[PDB]
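Notes for the one structure printed next.
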Amino acid sequence: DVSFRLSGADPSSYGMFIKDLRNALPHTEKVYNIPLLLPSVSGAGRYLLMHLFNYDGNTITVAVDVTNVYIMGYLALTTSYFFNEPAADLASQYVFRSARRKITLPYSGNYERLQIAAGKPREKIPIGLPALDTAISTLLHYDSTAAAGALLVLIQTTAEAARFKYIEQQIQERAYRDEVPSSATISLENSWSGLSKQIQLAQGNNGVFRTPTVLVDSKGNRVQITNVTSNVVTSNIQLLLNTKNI
Ligand SMILES: *[C@@H]1O[C@H](CO)[C@@H](O)[C@H](O)[C@H]1NC(C)=O
Ligand SMILES: O=c1cc[nH]c(=O)[nH]1
């Protein structure tokens, strides 16, 4: 299991938590020196528990599908919660079995469905380590409308940062001031599937992307990713969703 304590957290202990997280995710092979997530993992081994502790030391435990880095569900004290989706329901029969009651949330775990429940797109939702602390607190006591917004902040402060250095870095400067995510930070949230695909198709294409990926850069300028020699591939991206899943 991997852990992260928001009490006395610095951009350092956050980096370390994000490091742990990446290494919790199995892979036999690297593609252009980037871990290749497995096609599938049979049973409870499919899921990763994250123990998170808000500032006042209350905790929740977030289960993550390791083939794709998706949040499936989490546990608050003695109540488990899983999204409204078949993988989550699947995920539910391996983890938090000891929860007194299990609650299916009223949405599947994708940004579109999450953003509607919350009533705002994630471009207007501050994120950072405080907004993570909040999240943890919000989900401690059920409120589906609130828990939407708080899951958009948990997904991003965890899954996305682990996936991408840049975003991890965007979270470390938001160590003490939340802030809405940069336009690029979103681009990369939305392009993960694409990049995981193209980086893998470049294996027998001489490092060229069968289909270029359109991004936004740090500056707010739209740009195209045609090849593995782009900084995004060499520097940024830390994990690849197996094409056996796209
Ligand atoms: C590769 O990408 C770099 C940086 O984006 C660019 O300068 C170059 O024209 C591209 N080369 C190939 C072979 O795709
Ligand atoms: O939509 C997404 C993308 C990544 N991780 C999630 O939990 N949901």
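Chain identifiers are assigned as A, B, and so on, following the order in which chains appear in the structure tokens; residues are numbered from 1 within each chain, and ligands are numbered from 1 in order of appearance.
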
For this session: Find the residues near ligand 2. Use a cut-off of 8 Å, count only C-alpha atoms and all ligand atoms, and write them as a list in words.
Result: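 So the residues close to ligand 2 are residues 64, 68, 69, 70, 71, 72, 109, 110, 111, 112, 155, 156, 159, 160, 189 and 190 of chain A.
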
Problem set entry | ligand 1 neighbours within 12 Å using only C-alpha atoms and all ligand atoms, as a VMD selection string | chain A and resid 202 205 to 215 217 223 to 234

Would you export the selected residues with N, CA and C atoms as an mmCIF file, in the first residue's frame, please?
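Written file, again.cif:
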data_model
loop_
_atom_site.group_PDB
_atom_site.id
_atom_site.type_symbol
_atom_site.label_atom_id
_atom_site.label_comp_id
_atom_site.auth_asym_id
_atom_site.auth_seq_id
_atom_site.Cartn_x
_atom_site.Cartn_y
_atom_site.Cartn_z
ATOM 1 N N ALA A 202 4.590 3.799 -32.186
ATOM 2 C CA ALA A 202 5.886 4.248 -32.639
ATOM 3 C C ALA A 202 6.956 3.149 -32.517
ATOM 4 N N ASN A 205 7.368 2.025 -35.991
ATOM 5 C CA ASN A 205 7.121 3.134 -36.920
ATOM 6 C C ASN A 205 8.293 4.128 -36.899
ATOM 7 N N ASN A 206 9.421 3.694 -36.320
ATOM 8 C CA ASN A 206 10.611 4.543 -36.108
ATOM 9 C C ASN A 206 10.410 5.725 -35.151
ATOM 10 N N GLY A 207 9.678 5.507 -34.064
ATOM 11 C CA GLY A 207 9.405 6.586 -33.120
ATOM 12 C C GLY A 207 8.470 7.681 -33.623
ATOM 13 N N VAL A 208 7.812 7.457 -34.764
ATOM 14 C CA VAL A 208 6.844 8.439 -35.282
ATOM 15 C C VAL A 208 5.408 8.059 -34.900
ATOM 16 N N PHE A 209 4.619 9.077 -34.550
ATOM 17 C CA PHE A 209 3.224 8.876 -34.174
ATOM 18 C C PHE A 209 2.380 8.652 -35.417
ATOM 19 N N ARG A 210 1.771 7.471 -35.504
ATOM 20 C CA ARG A 210 0.860 7.175 -36.608
ATOM 21 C C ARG A 210 -0.059 8.372 -36.787
ATOM 22 N N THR A 211 -0.630 8.836 -35.670
ATOM 23 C CA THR A 211 -1.518 10.005 -35.639
ATOM 24 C C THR A 211 -1.007 11.020 -34.621
ATOM 25 N N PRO A 212 -0.666 12.239 -35.084
ATOM 26 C CA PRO A 212 -0.155 13.261 -34.163
ATOM 27 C C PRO A 212 -1.146 13.585 -33.053
ATOM 28 N N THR A 213 -0.627 13.917 -31.869
ATOM 29 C CA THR A 213 -1.443 14.296 -30.701
ATOM 30 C C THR A 213 -1.420 15.806 -30.502
ATOM 31 N N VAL A 214 -2.606 16.427 -30.443
ATOM 32 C CA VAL A 214 -2.702 17.881 -30.214
ATOM 33 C C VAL A 214 -2.794 18.204 -28.714
ATOM 34 N N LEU A 215 -1.921 19.115 -28.309
ATOM 35 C CA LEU A 215 -1.688 19.441 -26.917
ATOM 36 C C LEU A 215 -1.863 20.946 -26.783
ATOM 37 N N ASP A 217 0.556 23.865 -24.643
ATOM 38 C CA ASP A 217 1.821 23.957 -23.899
ATOM 39 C C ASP A 217 1.700 24.810 -22.622
ATOM 40 N N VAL A 223 -0.084 23.048 -29.633
ATOM 41 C CA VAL A 223 1.067 22.464 -30.333
ATOM 42 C C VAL A 223 0.840 20.988 -30.591
ATOM 43 N N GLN A 224 1.635 20.460 -31.515
ATOM 44 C CA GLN A 224 1.480 19.104 -32.019
ATOM 45 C C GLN A 224 2.645 18.205 -31.645
ATOM 46 N N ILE A 225 2.308 16.965 -31.292
ATOM 47 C CA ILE A 225 3.283 15.991 -30.820
ATOM 48 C C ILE A 225 3.350 14.854 -31.841
ATOM 49 N N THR A 226 4.403 14.871 -32.665
ATOM 50 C CA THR A 226 4.499 14.008 -33.840
ATOM 51 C C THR A 226 5.404 12.801 -33.614
ATOM 52 N N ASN A 227 6.214 12.862 -32.569
ATOM 53 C CA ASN A 227 7.356 11.982 -32.397
ATOM 54 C C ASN A 227 7.827 11.828 -30.960
ATOM 55 N N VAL A 228 8.522 10.734 -30.678
ATOM 56 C CA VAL A 228 9.029 10.384 -29.348
ATOM 57 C C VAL A 228 10.148 11.287 -28.816
ATOM 58 N N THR A 229 10.714 12.141 -29.677
ATOM 59 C CA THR A 229 11.788 13.062 -29.259
ATOM 60 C C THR A 229 11.242 14.362 -28.671
ATOM 61 N N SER A 230 9.914 14.488 -28.605
ATOM 62 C CA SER A 230 9.263 15.609 -27.918
ATOM 63 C C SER A 230 9.450 15.481 -26.406
ATOM 64 N N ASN A 231 9.611 16.623 -25.733
ATOM 65 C CA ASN A 231 9.822 16.670 -24.271
ATOM 66 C C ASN A 231 8.718 15.919 -23.499
ATOM 67 N N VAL A 232 7.524 15.944 -24.046
ATOM 68 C CA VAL A 232 6.404 15.310 -23.398
ATOM 69 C C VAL A 232 6.691 13.823 -23.168
ATOM 70 N N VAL A 233 7.308 13.204 -24.177
ATOM 71 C CA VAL A 233 7.578 11.772 -24.180
ATOM 72 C C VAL A 233 8.841 11.484 -23.380
ATOM 73 N N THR A 234 9.892 12.262 -23.664
ATOM 74 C CA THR A 234 11.199 12.044 -23.043
ATOM 75 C C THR A 234 11.186 12.407 -21.565
#

For this session: DSSP on the backbone, then: every residue of stretch 19-139 of chain A marked helix (DSSP H, G or I), written as number ranges by chain.
Result: A: 19-24, 43-46, 86-92, 111-118, 122-124, 129-139

Exercise. Atom CA of residue A:176 to atom CA of residue A:9: how many Å, to one decimal?
Worked result: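 Value for the atom CA of residue A:176-atom CA of residue A:9 distance: 9.7 Å.
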
Exercise. What lies within 9 Å of residue A:135 using only C-alpha atoms, ignoring chain neighbours under 4 positions off, as number ranges by chain?
Worked result: A: 54, 130-131, 139-140, 146-147, 149-154

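Compared by their closest atoms to residue A:65, and using only C-alpha atoms, the residues A:182, A:241, A:15, A:3 rank with A:241 nearest.
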
Problem set entry | Polymer residues at most 8 Å from stretch 170-172 of chain A, only C-alpha atoms, same-chain spacing of 6 or more positions, as a list in words | residues 10, 11, 14, 15, 127, 128, 129, 157, 161, 181 and 185 of chain A

Atoms kept (C-alpha atoms) for selection, written as a CSV table (one decimal), in the first residue's frame:
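The new file selection19.csv reads:
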chain,number,residue,atom,x,y,z
A,10,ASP,CA,5.9,19.7,1.6
A,11,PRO,CA,6.4,19.5,-2.2
A,14,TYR,CA,4.4,14.9,-2.1
A,15,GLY,CA,7.0,14.0,-4.7
A,127,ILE,CA,-6.7,22.0,-6.9
A,128,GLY,CA,-3.5,21.8,-4.8
A,129,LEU,CA,-2.6,20.2,-1.5
A,157,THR,CA,-3.8,15.4,-7.2
A,161,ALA,CA,0.3,13.8,-11.1
A,181,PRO,CA,-5.3,23.7,-13.4
A,185,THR,CA,-2.6,20.3,-17.4

Problem set entry | Spatial neighbours of residue A:29, max dist 12 Å, only C-alpha atoms, sep filter under 5 positions, as a ChimeraX atom specification | /A:34-39,200,239-240,242

Exercise. How far is it from atom CA of residue A:137 to atom CA of residue A:67, in Å with one decimal?
Worked result: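 Going from atom CA of residue A:137 over to atom CA of residue A:67, I get 27.7 Å.
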
For this session: Go through A:238, A:193, A:245, A:7 one by one, measure the shortest atom-to-atom distance of each to residue A:57 using only C-alpha atoms, and give the residue with the smallest value.
Result: A:7
